[PDB]
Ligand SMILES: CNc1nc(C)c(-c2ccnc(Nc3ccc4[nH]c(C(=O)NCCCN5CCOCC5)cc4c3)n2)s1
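First comes one chain, alone, set out as structure tokens in the form solved without the named molecule.
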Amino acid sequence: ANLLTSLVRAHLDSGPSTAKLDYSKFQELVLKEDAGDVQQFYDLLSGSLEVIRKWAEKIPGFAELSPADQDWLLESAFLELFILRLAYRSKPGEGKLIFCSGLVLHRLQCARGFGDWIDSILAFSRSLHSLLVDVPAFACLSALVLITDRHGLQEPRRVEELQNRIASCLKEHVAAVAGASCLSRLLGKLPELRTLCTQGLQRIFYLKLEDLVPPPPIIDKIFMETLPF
């Protein structure tokens, strides 16, 4: 309710307004992988880093978790968060990727840096779009990606309480707007999203191997620490 309103205010402020979109570099007709492409891949990921952290700071309860638990939840869900907010923001029917700064790029502008990762993300975006998720449901869904069980939490029961809180909040709101199914269908995108995060881990691994441009330290850290091994 007031929780819901707070999750919404938090989501909308964490992205760009249709007025602040930048089509400056957009090329629908785009005429191996080189170092401009690898740099732009890391830059686009790096752009959401501070955005998602300020967004999490505004989820009620998140700052009452232990600071070690806050950092680990962010670090463990960064990739999934980046993917869900990009899939929701973008327009997959026209190949349009919209990033959280407002930059708009065509997918062919992105294919070389992202690999086929990017097509997988556009299929998920089509899929998510067909569900017609409203803004309050999405503001709940994304927060549930963050605030979830991870190995090594100091206070896993308090993470679980807050998750139940956000879940109840999502569950009402859905029921209120059209009396499993809907809910079940929306929660089904959590596991797709985990599998899609896998695919991003594979892409960083591959690029680290190539080593045209090294990943920036904080991307490299998230990659190394979220690898179970």
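One-based numbering along the sequence shown.
J.: Name the higher of the two by mean Cα B-factor in the PDB entry, 63-71 versus 170-178.
T.: 170-178 has the higher mean C-alpha B-factor.
J.: Taking only the CA atoms, which stretch has the higher mean B-factor in the record, 216-224 or 11-19?
T.: Comparing averages over the C-alpha atoms only gives 11-19.
J.: Looking at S48, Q40, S184, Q202, which has the highest Cα B-factor in the entry?
T.: Result of the comparison over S48, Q40, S184, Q202: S184.
J.: Using the B-factors in the PDB entry, rank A137's C-alpha atom against the chain and give the third, lowest, middle or highest.
T.: Tercile = highest for this residue's CA B-factor.
J.: Lowest, middle or highest third of the chain for the C-alpha temperature factor of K54?
T.: It falls in the middle third of the chain.
J.: Where does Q27 sit by CA temperature factor within its chain: lowest, middle or highest third?
T.: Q27: CA B-factor falls in the highest third of its chain.
J.: In terms of the chain's CA B-factor thirds, is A111 lowest, middle or highest?
T.: For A111, whose C-alpha B-factor we compare with every modelled residue in the chain, the answer is the highest third.
J.: Thinking about Cα B factors across the chain, which third does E155 belong to?
T.: Its C-alpha B-factor, which the entry lists for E155, ranks in the middle third among residues of this chain.
Only in words, not in the display: the form solved in complex with the named molecule, which the text now covers.
J.: Using the spot the named molecule takes in the deposited complex, and overlaying the site C-alphas onto this chain, is the pocket open or blocked (blocked: 3 or more ligand atoms within 2.4 Å of backbone or C-beta atoms)?
T.: Check passed, pocket reads open.
J.: Let me know the one among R89, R112, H106, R158 whose heavy atoms come within 4.5 Å of the named molecule in the deposited complex, would you?
T.: That would be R89.
J.: Hey, in the deposited complex, does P16 get a heavy atom within 4.5 angstroms of the named molecule?
T.: Because a heavy atom of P16 falls inside 4.5 Å of the named molecule in the deposited complex, the answer is yes.
J.: Is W55 close to the named molecule in the deposited complex, meaning a heavy atom pair under 4.5 Å apart or at it?
T.: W55: yes, in contact with the named molecule in the deposited complex.
J.: Quick check on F138: any heavy atom within 4.5 Å of the named molecule in the deposited complex?
T.: Yes, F138 lies within 4.5 Å of the named molecule in the deposited complex.
J.: Determine the residues of 116-144 with a heavy atom within 4.5 Å of the named molecule in the deposited complex and present them in sequence order; the list may be empty.
T.: Result: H129, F138, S142.
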